[PDB]
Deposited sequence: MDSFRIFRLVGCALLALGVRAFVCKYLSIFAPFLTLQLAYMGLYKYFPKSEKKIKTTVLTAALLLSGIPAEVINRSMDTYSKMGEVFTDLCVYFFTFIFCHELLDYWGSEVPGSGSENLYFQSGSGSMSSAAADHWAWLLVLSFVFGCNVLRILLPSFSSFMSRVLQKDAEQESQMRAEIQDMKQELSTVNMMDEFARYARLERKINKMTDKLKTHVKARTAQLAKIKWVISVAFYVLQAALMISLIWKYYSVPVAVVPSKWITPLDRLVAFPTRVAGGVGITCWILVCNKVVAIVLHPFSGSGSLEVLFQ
């Protein structure tokens, strides 16, 4: 349901796109969030599920209400951060539109292409999972034969009696149980191997994308990227003007965060 509010806020931002009648642009977002909270006041549907990390902190004596408010305000600041990010994205959109009717434009296009490429490669990593799908196919024949053996043993046990020949019935039941336990162990081993492979490939992807990001920063740390008049976004201008008095290293994380958010919650 949170994405419903995100979409409503995004359509509101796109309605206020490139609108300079009101100087207080981030405040416009503040009342957007206020309206969202007012609408959520009778529509506060949420799902809380038990996790593992919270167990240790609960055992540390922290009050449960304190932990609940911590997590829900953490969520709240998460979506307000994403919403401010898309707000800045729409302001950039206004900027190149007024430019249409300029190294900033090429820088914007290049950083956009880089972030979309990283994100699509991350999302097609499951398509890159063929290198382990081949091992799955290799083990498939073993699994098939050793389940055919299960079926043969089960039908043979169904053939034999149970009253006057309990010895053979019990021995065959023992064999069936042992082979099914072996099947479960093999399945769990396959699952663990796949999970470990996914984890290691994911951390490799994270390190390579971090290297690409830092290379992009070293390339464009001394180059202006997103130039806006100061008094337009002056409440937070000093924060966004991290490198060389321009919207740089905050813009990059805005782009990557909003793209990851949309392609994840999508």
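Of the deposited sequence, the ranges 1 to 6, 108 to 131, 297 to 311 have no C-alpha coordinates according to the record.
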